[PDB]
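1. what shape does this take:
(7 chains, ligands or ions: 3)
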Amino acid sequence: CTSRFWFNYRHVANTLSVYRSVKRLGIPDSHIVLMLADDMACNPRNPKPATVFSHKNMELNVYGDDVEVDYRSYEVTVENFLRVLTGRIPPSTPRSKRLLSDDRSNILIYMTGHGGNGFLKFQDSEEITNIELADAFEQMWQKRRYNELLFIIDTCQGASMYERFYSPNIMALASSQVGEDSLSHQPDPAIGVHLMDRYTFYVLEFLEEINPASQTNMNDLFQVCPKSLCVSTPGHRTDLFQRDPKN
Amino acid sequence: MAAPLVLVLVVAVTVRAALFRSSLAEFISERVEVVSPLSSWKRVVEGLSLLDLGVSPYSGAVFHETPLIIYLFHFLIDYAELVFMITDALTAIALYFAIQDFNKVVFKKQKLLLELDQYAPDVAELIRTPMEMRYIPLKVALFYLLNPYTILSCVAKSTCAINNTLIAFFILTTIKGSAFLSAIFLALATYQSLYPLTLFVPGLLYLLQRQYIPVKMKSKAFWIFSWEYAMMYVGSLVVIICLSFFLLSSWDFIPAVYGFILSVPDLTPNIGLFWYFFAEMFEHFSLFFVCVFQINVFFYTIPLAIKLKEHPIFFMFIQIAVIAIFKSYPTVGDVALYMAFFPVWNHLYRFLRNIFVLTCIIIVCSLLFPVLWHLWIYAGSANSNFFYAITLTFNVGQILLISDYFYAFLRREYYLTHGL
Amino acid sequence: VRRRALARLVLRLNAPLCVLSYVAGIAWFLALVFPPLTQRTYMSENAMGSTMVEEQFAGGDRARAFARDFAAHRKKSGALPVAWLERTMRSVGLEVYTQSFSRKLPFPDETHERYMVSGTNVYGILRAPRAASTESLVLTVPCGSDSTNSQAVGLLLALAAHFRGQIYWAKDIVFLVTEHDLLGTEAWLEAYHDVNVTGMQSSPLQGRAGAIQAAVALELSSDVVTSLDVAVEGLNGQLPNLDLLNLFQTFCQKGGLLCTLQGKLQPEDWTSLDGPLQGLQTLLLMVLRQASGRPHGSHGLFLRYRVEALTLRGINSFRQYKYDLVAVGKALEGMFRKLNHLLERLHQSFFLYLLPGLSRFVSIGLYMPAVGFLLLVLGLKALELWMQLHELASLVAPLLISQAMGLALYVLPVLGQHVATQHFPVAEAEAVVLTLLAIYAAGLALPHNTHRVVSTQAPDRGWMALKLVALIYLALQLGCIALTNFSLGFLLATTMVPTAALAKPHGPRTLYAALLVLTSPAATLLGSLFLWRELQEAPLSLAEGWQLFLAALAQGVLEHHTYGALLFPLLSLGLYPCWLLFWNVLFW
Amino acid sequence: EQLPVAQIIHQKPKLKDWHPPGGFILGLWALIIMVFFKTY
Amino acid sequence: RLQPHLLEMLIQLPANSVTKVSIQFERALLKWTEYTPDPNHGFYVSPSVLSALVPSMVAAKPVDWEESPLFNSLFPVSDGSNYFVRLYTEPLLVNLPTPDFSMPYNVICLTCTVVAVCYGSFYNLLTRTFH
Amino acid sequence: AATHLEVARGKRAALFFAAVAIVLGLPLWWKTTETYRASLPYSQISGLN
Amino acid sequence: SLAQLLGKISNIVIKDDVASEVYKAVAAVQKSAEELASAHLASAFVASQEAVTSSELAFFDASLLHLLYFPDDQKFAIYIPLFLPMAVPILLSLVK
Ligand SMILES: CCCCCCOC[C@H](COP(=O)(O)Oc1c(O)c(O)c(O)c(O)c1OC(=O)CCCCCC)OC(=O)CCCCC
Ligand SMILES: *[C@@H]1O[C@H](CO)[C@@H](O[C@@H]2O[C@H](CO)[C@@H](O[C@@H]3O[C@H](CO)[C@@H](O)[C@H](O)[C@@H]3O)[C@H](O)[C@H]2NC(C)=O)[C@H](O)[C@H]1NC(C)=O
Ligand SMILES: [Ca+2]
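-> Residues are numbered from 1 along each chain as shown, chains lettered A, B, ... in the order given. Ligands and ions are numbered 1, 2, ... in the order given. Provided below are the atomic coordinates:
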């Protein structure tokens, strides 16, 4: 989550919804490198401390009682992110703050925040571009640090963040296409700021209905958000995956 | 030793004492244009207090004065206002007598050149004349004392006043021809502010011009005197450096003073070109600009020497101006030292291209510095860009003023040779 | 060849270029009420523009009960009920502190009959539970020595009762009830930052709330209210960040409140017949109020401490539709709840604006030419005076005296009040104002004693140098003033610049004297008082106009001494000597 | 001991007013006189 | 950038009284790449530590850390008539002057342009011969 | 005479500007801006493929 | 991978530690390959371990991230303001 300032509560909620689904489906905390550029979970402005909500009904706290943030506040930088992906972190970094993936590792990477054309703003200050992201993914593939990689981005014009990928096994999702930038705004009266980005909200709803022993496939998640529901057109990308998404 | 210079001195000390005892003294001392990290009374007192606590004054980022300053204000900590009055009076006296002797030498050279008639016939109101040079030393002392820059520097109790006194005594001793005292005062000034080293080139030249030693390659006497003066200067510098070591028994003043002057780590706003440039600078690619901006101060010394070989006092004035404008952490009292030399070159007030607009720009910038400083430090109405723009305009005005004076001097020399 | 060509083409147009520049500046100022320059106001800061507030303040009846109790105890306790305020603030769960302050006014002020001001400020601190008490917001009611603002104290206590009990406070809320209208606010603000800017004595504060971010100065002396009157103009012409006023306007729109700036309304400025007129009228009112430089309300004292402050004055007119505490209480709660979202000191929007109608504004880069052309008039006069001077001791004599006169006008009126009262049967404040006016006229009627020395015959050249110096000085300080506060610089350059440009002894030399005297800073203040009273549809005759001029001089001196208002020193030390220099230029 | 008041006062050498060493004063004062004799 | 100020003082608090220890500081201007992503929020001065042996109303007994409840064995009591307390003051929000983060490239051009106008003026005077 | 002397001085100053701006101007750019690269075996590493 | 990374982007400061590790890794790879073709499995395994440690210390070094260095294209745009003063000596050495 590359966003601060408590009015970007939607981005923290996106990240924590993906985190809740992933941790419910099996991935341990040690294998999740969670980054929240601001808590917005129990900062003083929160009307409900220690909770992050997905819906106005306030019945599903994506910031549950079992959550670990490996990188938070000023630690969540484009530098630190690329360090985690490429493995070039400082040597004192612990296990929990690094991606110790191998050739047999499936990696899910979910990026959320303000994002323009082929670039993602990190805490309103710095920038990660699709060129740098593709280069980092290639560097990961050179060392065989992932078996298959699923990239999901939930920013504006997010289909261009995965437009410069060349590493062999990556399939990518995106909330919006190259052009659409209209950013939704419907602040909850109870929680002052916006709740979600409406794309990961339906991804969360899609992922809430499956169990760990579920046979749902990527083809059932390639149409989780239709044009009727999220104003933007969520575009995927399978030009690299060898395996058929339906399997 | 003058009838009206004493009156000038009493008026200056009266003004300075009134300001010291007024309620504006604290405001002036906290002014950032008149006070730098190198010339702050608050920082001198802080270093003394650190010594009282037993911690070294240079084991921190707040004290950057020299051990001679430490020693001097250890004893004169209570009489500081009187000491600063005395040092500005000494600067005025040194400038007065230096300019008096320099005018006498200039008239002597003009007479010895009119005798052999190296001037064109169309030169009548273009030769320096004794009635117009009678009050030039008095006007020099008057510009040095009764201008707001020096008054503010004194009231703020900045050590830039001490630096000015050292440089003025260097000028006086060089003009009187005392090579040894010239070297001592040049070494003291270089030890204090690190940018009178360039002034080594003019003084020597004038010294040679006073000894009638030709300045040329195939001249043994020129090399002998140059080596003698250079050895006196470097030996004085190294002796002062070793003595300053012995004051604290440690070489900590060396980094904290000279590397602080050269590397610029403070970024405190000034009237100079360094603070904002190095605050908003890219991390890599920044050492190159430190290097070039420090080379800037020393860059023109050799070309101005080989263009102003026969005019080492105008060359000294231009060098002092270049130091004052391009300098890590310059106070406005450094501007006063070269502005006091204007009456020496007021006979060029017929070739000055644009003096009115430049004086207006400098005055407006001087009176806008506190105003915009208030508007982005105490009032949130403005930002650092306002102060940066005023610093840019002030420094451009200084450059164009100095270039106008230099152009006028060269044009007057050309008209002395060729008829107008 | 080229230099003479340019010189002849510019002196051929001395008078027409100067008058064209002056009229251009006036026209640019008049054009600051039109859409291209006054586009619209907006919330630049997303920290509170991208959020919403669902107000739940429903304690208006408690506010009324608190107002009744406060009025009763304030009738019993003559000045301010301190024990009752402490009990009530500790009942709503605040940390209650009092500050005793006292001040020696220079003279009895002839307005509140107060000479030895002494009172207590009572403030309570809402301690942000989840925060570490590092930032704070101030809700202040400036109680005076009369029956007003008893409802505002009740509303403040009712809001404190509501805010206490909420976990969503990132900043402490300070509920401050000052003793006097502005002296108490100044005392509290000085002791809070522990500075002594105005030399006022007080007791040490037993409790602070951290760096103050924003401040609200609710004045409300009626139960129901017809319209809500915001005021954003601070001491020395300073203004709050525009986002605070945008926040107020958006919470007026959301709650249906009929909110007004300086008592004026515009549904939409685009009416093409009167919208420009109402915009011009309200912008003129803002300019006259900002040039005044006094702290209209307690919000004006916070701006010196880099605190964005705003006064809301509930006014109960003859409009039959009324809003109770709930509308105003909900507006205040929403404002504070949305300032709580700031999480960063207001650094966006604008700090230097000049806004016509609470929804329109002009940036500094947009209204700067209005005074820039007026300064260009002086610049052209100086340039052509210099080039006529080119094609001394006689300047030292005026300058010094002029500056001396300024220093005479700054210190003597207030310290010589005792001898003026022992001489003439006038009040101490009248003694101060009489001394000020007498010294003004003494500087006026003194061109001859200084002319006891004659070192030039039919001079007409040292004359030019004196006028050149005066023009440069006037342009410089008018530009500086316009940078600090535009309105004062503009108002001074509309009157002094045209007369300063034309001051030669070659003309009538009697019409010129009348022009300079009628555009002197004192005459500028008198005309500004007349225009300000006219702009409120309350015309004033010469008698009570002169009485108001007396009151304005006395208030200028007093406000300078009590809040550090930079208008008495500015007129008396920097502008009066320059205008006297022009006077000497006239009578050479 | 959480606050050993007696021990922590004596752990620091006594705060004495600083003065320049006799070596510097003698060294500086000797050479100030020395320059007074080359010129005089 | 390498070490903070540390100040440790043993102040004898006299009686029922308020001791006002104050120290003046001057705010520094930092590099543009030295402020937090929220530069206008400010910087935090760490809460100051206040270690004292406050006198006790009634003298305590020497009690072993096993029989005693867990809240009575945090600090190793030494005297008995005085109990050790370690207070922490509030963190302080101090704002620093800030450079304009949006103008790092224009500043280089403008300052180098001032250097360049000086260089050009001195070039066109030290090399150009009058004619 | 004097004109020749001033022309020679101006040419010397221009020479000094050129000489400095090259000999110390370009090595400064080189030494204080270049990314420092140590010697890596680029033939052995390729041979290990 | 390291060679390709350093050849692709020419703004990475590779320092003496990285070069030392690369040299150690290459030497150890050659030694282990020449010892595997012998009755020297133990020495070959130790050399392979040394080679892996050196090569992964060189590859995963904090200083190889291309964000620590100013972009090369913009390095020739932050110098034009110094081209303007430096364009005068180079041109006036040729015109005269
Ligand atoms: C040498 C003289 C002038 C030097 C530069 C002037 O311009 C700099 C300042 C702007 O003051 P500011 O900080 O209010 O405005 C801004 C922001 O607040 C902000 O947040 C931004 O992101 C901005 O970009 C921004 O404007 C800018 O970047 C400025 C762009 C101009 C560059 C020219 C090549 O001018 C003046 O005020 C002084 C008036 C000058 C004369 C006394
Ligand atoms: C800000 O500065 C002013 C002075 O410029 C301070 O006012 C001074 O306050 C003290 C009280 O602490 C006054 O002393 C008192 O005098 C009376 C009568 O002489 C005496 O009976 C009292 O025991 C006490 O000593 C002093 O007169 C007064 N000065 C002036 C000029 O009025 C003010 O206290 C400062 N602000 C703060 C917050 O301290
Ligand atoms: Ca983890």
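2. how close does whichever residue of chain C sits closest to ligand 2 sit to residue C:394?
-> Using C-beta to the nearest ligand atom, the closest approach of chain C to ligand 2 is made by residue C:201 at 3.3 Å. C-beta here means a position set from N, CA and C on the backbone, and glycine is covered the same way. According to C-beta to C-beta, to the nearest Å, residue C:201 and residue C:394 sit 49 Å apart.
3. quick one, which of the two is more surrounded?
-> Between residue C:201 and residue C:394, counting by other C-beta atoms under 10 Å in any protein chain shown, residue C:394 is the more crowded of the two (18 against 14).
4. give the contact list for that one.
-> Residue C:394 makes contacts with C:453, C:455, C:456, C:459, C:462, C:466, as judged by C-beta atoms under 8 Å, 6 or more residues apart in numbering or on different chains.
5. just the buried ones out of those, please.
-> Neighbour counting with 16 or more other C-beta atoms under 10 Å in any protein chain shown marks C:462, C:466 as buried within the contacts of residue C:394.
6. residues contacting the nearest residue to residue B:349 once chain neighbours are set aside?
-> Here the nearest residue to residue B:349 in space, its sequence neighbours aside, is residue B:355; by C-beta to C-beta, 6 or more residues apart in numbering or on different chains that works out to 7.2 Å. Going by C-beta under 8 Å, 6+ apart, residue B:355 touches B:349, B:401, B:404.
7. which of these tops the neighbour count?
-> In those, the most neighbours by other C-beta under 10 Å go to residue B:401, 22 neighbours.
8. looking at chain A, which helix is longest?
-> For chain A, the helix with the greatest residue count under DSSP state H is helix A:9-25.
9. and the contacts of it?
-> Contact with helix A:9-25 is made by A:1-3, A:29, A:32, A:34-36, A:38-41, A:52-54, A:62-64, A:66-67, A:108, A:110, A:112-113, A:152, A:154, A:191, A:193-197, A:200-201, A:203-204, A:207-208, A:210, A:212, as judged by C-beta under 8 Å, 6+ apart.
10. filter those residues down to the ones in strands?
-> Counted as lying in strands by DSSP state E, out of these, are A:35, A:36, A:108, A:110, A:112, A:152, A:154.
11. the second one and residue A:1 touch, don't they?
-> I take that to be residue A:36. Yes. Between residue A:36 and residue A:1 there is a contact under C-beta atoms under 8 Å: 4.9 Å.
12. what do these two both touch?
-> Joint contacts of residue A:36 and residue A:1 (C-beta under 8 Å, 6+ apart) are A:12, A:15, A:76.
13. stretch B:236-254 near chain D anywhere?
-> Yes. For stretch B:236-254, a contact with chain D is found by C-beta under 8 Å from any C-beta of the partner chain, at B:239, B:243, B:246, B:247, B:249.
14. measure the residue most central in space within chain E to residue B:60 for me?
-> For chain E, the residue nearest the mean C-alpha position is residue E:45 (4.1 Å; C-alpha atoms, centre = their mean). Noted for residue E:45: a distance of 18 Å to residue B:60, by C-beta to C-beta.
15. tell me the residue of the stretch 51-200 of chain B that sits nearest chain G?
-> Closest to chain G within the stretch 51-200 of chain B is residue B:198: 19.9 Å, counting by C-beta to the nearest C-beta.
16. outside of the lengthiest helix in chain G itself, list whatever touches it.
-> The helix spanning the most residues in chain G, taking DSSP H as the definition, is helix G:16-36. Residues external to helix G:16-36 that are found in contact with it (C-beta under 8 Å, 6+ apart): F:38-41, F:44-45, F:48, G:2, G:41, G:43-45, G:47-48, G:50-52, G:54-55, G:57-58, G:61, G:63-64.
17. over to stretch B:14-25?
-> Here stretch B:14-25 makes contact (C-beta under 8 Å, 6+ apart) with B:28, B:81, B:84, B:85, B:88, B:146, B:151, B:154, B:155.
18. out of those residues, which are close to ligand 3?
-> Restricting the contacts of stretch B:14-25 to those touching ligand 3 (C-beta under 5 Å from the ion) yields no residues.
19. distance to residue E:27, secondary structure and neighbour count added to the residues you listed, as JSON lines?
-> JSON lines is the format used below for the contacts of stretch B:14-25 (distance: C-beta to C-beta, whole Å; DSSP: H, G, I helix; E, B strand; the rest coil; neighbours: other C-beta atoms under 10 Å in any protein chain shown):
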{"residue": "B:28", "distance to residue E:27": "19", "secondary structure": "helix", "neighbour count": "22"}
{"residue": "B:81", "distance to residue E:27": "28", "secondary structure": "helix", "neighbour count": "17"}
{"residue": "B:84", "distance to residue E:27": "27", "secondary structure": "helix", "neighbour count": "24"}
{"residue": "B:85", "distance to residue E:27": "32", "secondary structure": "helix", "neighbour count": "19"}
{"residue": "B:88", "distance to residue E:27": "31", "secondary structure": "helix", "neighbour count": "27"}
{"residue": "B:146", "distance to residue E:27": "34", "secondary structure": "coil", "neighbour count": "15"}
{"residue": "B:151", "distance to residue E:27": "27", "secondary structure": "helix", "neighbour count": "20"}
{"residue": "B:154", "distance to residue E:27": "26", "secondary structure": "helix", "neighbour count": "31"}
{"residue": "B:155", "distance to residue E:27": "23", "secondary structure": "helix", "neighbour count": "26"}
